[PDB]
Amino acid sequence: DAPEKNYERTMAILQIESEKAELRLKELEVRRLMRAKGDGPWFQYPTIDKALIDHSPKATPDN
Amino acid sequence: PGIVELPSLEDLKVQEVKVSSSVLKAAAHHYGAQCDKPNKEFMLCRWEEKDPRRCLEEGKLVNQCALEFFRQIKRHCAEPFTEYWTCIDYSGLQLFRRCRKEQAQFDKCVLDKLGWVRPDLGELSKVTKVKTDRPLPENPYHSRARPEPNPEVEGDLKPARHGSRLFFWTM
Ligand SMILES: CCCCCCCCCCCCCCCCCC(=O)OC[C@H](COP(=O)([O-])OC[C@H](O)COP(=O)([O-])OC[C@H](COC(=O)CCCCCCCCCCCCCCCCC)OC(=O)CCCCCCCCCCCCCCCCC)OC(=O)CCCCCCCCCCCCCCCCC
């Protein structure tokens, strides 16, 4: 191979791996903040559906 | 938290209906026919305000209308009514089916002297409509501000950047 080819292919390898490494660091930081605050699409542990609530006029009025 | 705000004892004084349950059961159908409107205003106020402290004037109108109902019974048809609720009062379960001739006497005298018609089967169980002048309760549960939901997802789903990014797997 040419030193041009090896050199620039090395640069492409370094680009792709540095991009993946910074994305892994952002992956860890996003996971930390979403477990801590709980305001993202992840770690949304289920609560009770409010579509299950009956809203009809019941037998007694104090409810 | 906050101090609970109760009405005074003078806000609760009203002339009571001091009659027995068999007396109330004997003229129950004429009470439902004749005392319809303030009773339904009260029960609409009671199922909408969801607070008996917001219903005291409507309950007092209920009590006034019931007292006028039994005074209008007592002036004209006191003795067939007494004959009828005594026979209702004899039974333990207080059956209407056991006392049809005293019922016929009471309903006859009531239709002849007071013009009241006893309702048919099905009528008192109707869901009626009530014309009120009080405003609709804007928050009867006193529900505070709801929490804002989590943001939804949006945008076209692009591929993963350089695959899985799992240590060396390039896809
Ligand atoms: C227009 C339509 C038509 C188009 C046609 C185009 C194709 C034309 C050719 C047709 C054939 C296509 C074949 C697949 C494409 C080439 C894949 C390839 O070489 O990837 C290089 C791949 C990564 O190297 P690369 O230089 O970065 O990528 C070059 C390309 O970009 C590679 O491309 P990439 O970057 O996209 O690769 C993605 C990713 C790249 O890889 C990675 O990201 C790295 C992780 C890979 C897995 C590592 C696991 C390590 C731990 C487990 C080790 C297990 C034991 C090892 C083997 C023991 C003996 C069986 O791949 C994987 O992770 C796949 C998993 C590994 C399977 C590789 C494909 C095998 C196909 C044939 C199977 C036959 C058996 C093979 C032996 C079984 C084990 C492989 O090399 C390895 O992982 C080394 C292991 C050996 C790979 C198999 C070589 C394929 C041909 C084998 C022929 C001889 C078989 C002999 C008999 C059976 C064995 C006794």
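Residue numbers (PDB author numbering), protein chains in the order written: chain W, 81 to 143; chain Y, 1 to 171.
We treat Cβ as the ideally placed atom computed from N, Cα and C, and that holds for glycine.
Since residue i contacts residue j with CB under 8 Å, what's their CB separation in whole angstroms?
i, j, result
"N150 (chain Y)", "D119 (chain W)", "6 Å"
"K113 (chain Y)", "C77 (chain Y)", "6 Å"
"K74 (chain Y)", "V14 (chain Y)", "19 Å between Cβ atoms; not a contact."
"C99 (chain Y)", "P80 (chain Y)", "With a Cβ gap of about 12 Å, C99 (chain Y) and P80 (chain Y) do not count as contacting."
"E99 (chain W)", "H162 (chain Y)", "6 Å"
"residue 173 (chain Y)", "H29 (chain Y)", "Look at the range of chain Y in this structure, 1 to 171, and you will see that residue 173 (chain Y) is not part of it."
"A33 (chain Y)", "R118 (chain Y)", "7 Å"
Chain Y partners of residue i, CB-CB under 8 Å?
i, result
"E99 (chain W)", "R161 and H162"
Taking only the alpha-carbon atoms, compute the straight-line gap between residue i and residue j and give it to the nearest angstrom.
i, j, result
"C65 (chain Y)", "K101 (chain Y)", "28 Å"
"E97 (chain W)", "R111 (chain W)", "21 Å"
"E107 (chain W)", "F123 (chain W)", "14 Å"
"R89 (chain W)", "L157 (chain Y)", "29 Å"
"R104 (chain W)", "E152 (chain Y)", "24 Å"
"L93 (chain Y)", "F42 (chain Y)", "29 Å"
"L67 (chain Y)", "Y31 (chain Y)", "11 Å"
"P137 (chain W)", "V62 (chain Y)", "21 Å"
"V4 (chain Y)", "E148 (chain Y)", "30 Å"
"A104 (chain Y)", "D11 (chain Y)", "41 Å"
"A145 (chain Y)", "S8 (chain Y)", "32 Å"
"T82 (chain Y)", "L6 (chain Y)", "39 Å"
"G115 (chain Y)", "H135 (chain W)", "41 Å"
"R53 (chain Y)", "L44 (chain Y)", "14 Å"
"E58 (chain Y)", "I128 (chain W)", "38 Å"
Going along chain Y, which residues have a C-beta under 9 Å from residue i?
i, result
"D142 (chain W)", "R46, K50, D51 and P52"
"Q124 (chain W)", "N150"
"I96 (chain W)", "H162 and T170"
"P137 (chain W)", "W47"
Which residues of chain W have a Cβ atom closer than 7 Å to the Cβ of residue i, listed in chain order?
i, result
"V110 (chain Y)", "Under the 7 Å cutoff, chain W gives no residues; its nearest Cβ is about 31 Å from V110 (chain Y)."
"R165 (chain Y)", "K100, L103 and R104"
Using a C-beta to C-beta distance shorter than 8 Å, which residues of chain W count as neighbours of residue i?
i, result
"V153 (chain Y)", "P121"
For the pair the region 78–97 of chain Y and the region 40–56 of chain Y, tell me if three or more CB-CB distances fall below 8 Å.
Verdict: no, contact absent.
Would the region 122–132 of chain Y count as touching the region 36–43 of chain Y if we require 3 or more Cβ pairs under 8 Å?
Flag = yes, the region 122–132 of chain Y and the region 36–43 of chain Y touch.
Could you check whether the region 131–141 of chain W touches the region 15–24 of chain Y, counting it as contact only if at least three pairs of C-beta atoms, one from each stretch, sit closer than 8 Å?
Touching, no.
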